[PDB]
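First comes the structure, then the notes that go with it.
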Amino acid sequence: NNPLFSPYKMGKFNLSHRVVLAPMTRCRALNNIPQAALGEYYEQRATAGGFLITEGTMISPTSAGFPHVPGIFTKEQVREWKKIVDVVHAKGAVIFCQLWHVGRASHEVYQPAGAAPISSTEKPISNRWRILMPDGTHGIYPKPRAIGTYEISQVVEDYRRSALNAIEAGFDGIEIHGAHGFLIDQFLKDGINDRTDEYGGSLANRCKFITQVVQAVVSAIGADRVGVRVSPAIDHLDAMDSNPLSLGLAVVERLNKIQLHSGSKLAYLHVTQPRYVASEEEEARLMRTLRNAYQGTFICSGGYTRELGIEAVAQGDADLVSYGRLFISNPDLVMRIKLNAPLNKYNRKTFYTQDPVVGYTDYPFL
Ligand SMILES: Cc1cc2nc3c(=O)[nH]c(=O)nc-3n(C[C@H](O)[C@H](O)[C@H](O)COP(=O)(O)O)c2cc1C
Ligand SMILES: CCOC(=O)/C(=N\O)C(=O)CC
């Protein structure tokens with residue numbers, strides 16, 4: 001009896017197992033347009049009753065910090081996503097689109113007119129980190145432009161419109177990327193957010209942006225079609241908080257309150273294990289504390305294996321387990337976990353390259 005293969009009711013969606021495709025930027029969506037290669041890639045990994053989360057997807061022309069990542073802010077993008085969603089649904093899978101704004105984790109080369117990226121702050125990511133450039137070299141993260149509250153409201157509207165576009169494309173739902181030092185995390189983390197207005201200072205103020213984003217998408221598409229990803233403790237892009245557990249619990253409280261207000265539960269809360277990068281006990285403590293505090297479905301992610309995923313579900317630490325790197329190199333990861341079959345190695349060199357086949361769809365099945 002493998003606990004990963006017991007069914008699970010994720011709100012309206014009846015899942016047949018607990019193995020989730022974690023959202024992974026792969027950079028094959030040339031010119032920000034979903035391509036046929038994405039259809040092949042997601043189709044390979046789809047299973048009947050399995051849940052897939054897409055690569056981060058742009059909500060606006062200013063939201064990108066990687067090359068050739070898809071958007072869902074134009075009608076052309078919606079039309080191409082629909083073809084991908086249809087082939088995934090034909091396999092019986094459930095698929096959510098992750099909505100992603102990078103904030104300050106960008107570069108002039110990724111911005112319209114070469115403008116500065118936006119953030120909560122004018123503080124740049126430090127020179128300890130370098131950004132992948134379209135030519136494969138690495139560049140300098142620039143100083144971002146700190147946005148005012150009118151512009152904050154327009155970014156919230158970008159999330160809302162992108163959620164509606166995702167539904168128009170046929171997605172079952174969306175995930176808010178609120179993790180990993182990206183735009184939402186630049187408001188959450190007190191190591192980044194140095195604002196003195198209503199969006200900074202107190203923990204309550206720092207949580208305002210994520211609350212408004214989640215509220216907007218819930219109001220647009222329904223809470224049961226909205227997942228939220230956060231990472232209160234993460235070593236990525238200078239995104240630290242002085243009190244990660246209290247930050248996490250404050251976010252959880254806002255989500256619990258949104259659910260009570262809306263009269264419905266979110267699809268899930270998705271949290272990255274602090275071990276994941278691009279004390280072992282304090283890390284598991286943080287995860288279980290957030291799970292125990294949240295009134296709903298919990299997806300854990302970051303460094304999971306077959307054994308660690310089985311343990312997480314068996315022990316009640318998570319309802320669903322998302323896998324990233326092993327899903328890159330094992331299109332049939334679900335079946336391999338079921339059979340306890342050996343897994344293929346992954347090649348980091350082709351994680352972010354543009355080839356529609358090599359290192360993308362050419363990892364073999366059993
Ligand atoms: C190539 C790659 C791209 C990723 N892109 C995203 C992304 O777009 N959005 C996101 O929330 N996480 C992203 N992550 C993190 C994954 O969703 C996931 O949490 C992580 O890979 C899980 O750890 P694992 O690889 O040990 O399974 C990415 C990870 C990898 C390896
Ligand atoms: C290390 C935490 O950050 C991530 O996992 C991530 N996006 O969220 C990427 O790596 C983008 C390619």
Side-chain angles (χ1 to χ4, degrees), residues 19-29 32 38 41-42 45 51-59 63-72 96-103 105-106 110 125 128-133 138 141 174-186 188-189 227-240 268-278 283 287 299-309 312 318 320-330 333-334 336-337 343-354 359-360 363:
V19 178
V20 179
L21 174 65
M24 287 182 288
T25 292
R26 306 298 310 281
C27 308
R28 271 70 175 187
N32 315 127
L38 278 61
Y41 170 82
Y42 289 114
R45 288 153 183 72
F51 181 37
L52 307 181
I53 307 161
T54 69
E55 61 212 88
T57 298
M58 297 170 69
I59 66 174
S63 63
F66 272 78
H68 305 299
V69 298
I72 199 155
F96 276 28
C97 177
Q98 184 188 67
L99 303 184
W100 185 29
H101 194 307
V102 299
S106 188
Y110 293 123
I125 297 163
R128 179 194 339 156
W129 309 85
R130 303 296 167 90
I131 191 177
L132 177 64
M133 300 297 284
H138 284 82
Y141 290 104
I174 65 88
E175 178 176 285
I176 295 297
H177 192 339
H180 305 160
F182 297 116
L183 181 66
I184 289 170
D185 213 30
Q186 291 153 37
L188 287 174
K189 295 286 172 66
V228 182
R229 188 181 192 155
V230 293
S231 63
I234 203 77
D235 179 22
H236 194 60
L237 305 177
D238 295 333
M240 128 164 308
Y268 57 85
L269 175 61
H270 194 179
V271 180
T272 315
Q273 224 273 12
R275 71 196 164 201
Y276 180 75
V277 294
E283 290 171 350
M287 293 292 282
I299 313 193
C300 58
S301 193
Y304 284 84
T305 60
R306 181 177 190 274
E307 187 190 0
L308 289 174
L320 301 171
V321 182
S322 74
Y323 292 84
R325 287 169 294 173
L326 288 167
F327 235 139
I328 290 178
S329 55
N330 296 273
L333 181 63
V334 178
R336 296 196 191 217
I337 289 179
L343 306 185
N344 298 334
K345 58 164 168 188
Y346 41 84
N347 176 20
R348 175 169 294 276
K349 296 190 177 311
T350 53
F351 282 2
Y352 308 115
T353 43
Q354 279 56 74
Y360 196 52
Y363 285 103

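Order of listing sets the numbers, starting from 1, for every ligand and every atom in it. Positions are given from 1 along the sequence. Values below: all heavy atoms of this structure, side chains included; hydrogens, waters and symmetry mates excluded.
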Self-check item: Which residue and heavy atom of the protein sit nearest atom 18 (C) of ligand 1, plus the separation
Solution: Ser301 OG, 3.5 Å
Quiz prompt | Close side-chain approach of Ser231 to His236, heavy-atom, < 4.5 Å | solution = no
Quiz item: Which atom pair, heavy atoms only, marks the closest approach of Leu237 to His180?
Solution: CD1-O, 4.1 Å
Exercise. For residues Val102 and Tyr110, determine if any side-chain heavy atom of one lies less than 4.5 Å from a side-chain heavy atom of the other.
Key: no
Quiz item: Does the side chain of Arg229 come within less than 4.5 Å of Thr272's, by heavy atoms?
Solution: yes
Exercise. For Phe351 and ligand 2, answer yes if some heavy atom of the residue is under 4.0 Å from a ligand atom, otherwise no.
Key: no
Self-check item: Atom indices of ligand 2, in the order listed, that fall short of 4.0 Å to a heavy atom of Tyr276
Solution: 1 (C), 5 (O)
Self-check item: Geometric N/O contact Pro23 with ligand 1, under 3.5 angstrom
Solution: yes
Self-check item: Those atoms of ligand 2 less than 4.0 Å from some heavy atom in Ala278
Solution: 1 (C)
Quiz item: Quick one: nearest non-hydrogen protein atom to atom 5 (O) of ligand 2, plus distance?
Solution: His180 ND1, 3.4 Å
Self-check item: Nearest non-hydrogen protein atom, atom 10 (O) of ligand 2
Solution: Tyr352 OH, 3.9 Å
Quiz item: Nearest non-hydrogen atom to atom 31 (C) of ligand 1 belongs to which of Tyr352, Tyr276, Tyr304?
Solution: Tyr276
Quiz item: In ligand 1, which numbered atoms sit nearer than 4.0 Å to a non-hydrogen atom of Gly56?
Solution: 8 (O)
Practice problem: State, without any angle test, whether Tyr42 and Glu55 hold a side-chain donor-acceptor pair at a distance under 3.5 Å. | Solution: yes
Exercise. For residues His270 and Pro23, report the shortest heavy-atom separation together with the two atoms involved.
Key: CE1-CD, 3.8 Å
Self-check item: Numbered atoms of ligand 2 (with element) below 4.0 Å of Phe66, judged on heavy atoms
Solution: 11 (C), 12 (C)
Practice problem: Fit a plane to each ring of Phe66 and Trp100, take the angle between them on a 0 to 90° scale, and name the class: parallel (under 30°), tilted (30 to 60°) or perpendicular (over 60°). | Solution: tilted
Quiz item: What distance separates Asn32 CG from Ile72 CD1, expressed to the nearest 0.5 Å?
Solution: 12.5 Å
Practice problem: Find all atoms of ligand 2 within a distance of less than 4.0 Å from any non-hydrogen atom belonging to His177, and give their numbers and elements. | Solution: 7 (N), 8 (O)
Quiz item: How close does the nearest protein non-hydrogen atom get to atom 27 (O) of ligand 1, and which residue and atom is it?
Solution: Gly324 N, 2.8 Å
Practice problem: Kindly indicate whether the side chain of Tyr346, heavy atoms from C-beta on, has any atom under 4.5 Å from the side chain of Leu326. | Solution: yes
Self-check item: Pairwise side-chain contact, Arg28 with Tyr41, heavy-atom cut-off 4.5 Å (strictly under)
Solution: no
Quiz item: Any idea which protein heavy atom is nearest atom 9 (N) of ligand 1, and the distance to it?
Solution: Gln98 OE1, 2.8 Å
Quiz item: Do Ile328 and ligand 1 have an N or O pair less than 3.5 Å apart?
Solution: no
Quiz item: For the rings on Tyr141 and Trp129, is their centre-to-centre separation under 6.0 Å?
Solution: no
Quiz item: For atom 7 (N) of ligand 2, what is the nearest protein heavy atom, given as residue, atom name and distance?
Solution: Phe182 CE1, 3.4 Å
Quiz item: Would you call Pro232 and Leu188 a side-chain contact if the rule is heavy atoms closer than 4.5 Å?
Solution: no
Quiz item: Taking the non-hydrogen atoms of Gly302, is any one of them nearer than 4.0 angstrom to ligand 1?
Solution: yes
Self-check item: Nearest neighbour in protein (non-hydrogen) for atom 26 (O) of ligand 1
Solution: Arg325 NH2, 2.7 Å
Exercise. State whether the shortest distance between N or O atoms of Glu175 and N or O atoms of ligand 1 falls below 3.5 angstrom.
Key: no
Quiz prompt | Nearest neighbour in protein (non-hydrogen) for atom 12 (N) of ligand 1 | solution = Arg229 NH1, 3.1 Å
Quiz item: Any N/O of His177 closer than 3.5 Å to an N/O of ligand 1?
Solution: yes
Exercise. Check ligand 1 against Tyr323 and write out every atom of the ligand that is under 4.0 Å from a heavy-atom position of the residue.
Key: 27 (O)
Quiz item: Side-chain contact, heavy-atom cut-off 4.5 Å: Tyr323 with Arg45?
Solution: no
Quiz item: Does some side-chain heavy atom of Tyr268 sit less than 4.5 Å from a side-chain heavy atom of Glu175?
Solution: yes
Quiz item: Are any of the N/O atoms in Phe351 less than 3.5 Å from those in ligand 1?
Solution: no
Quiz item: Can you tell which of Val230, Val20, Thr25 gets a heavy atom nearest to atom 8 (O) of ligand 1?
Solution: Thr25
Quiz item: Relative to ligand 2, is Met24 under 4.0 angstrom through side chain, backbone, both or neither, heavy atoms considered?
Solution: neither
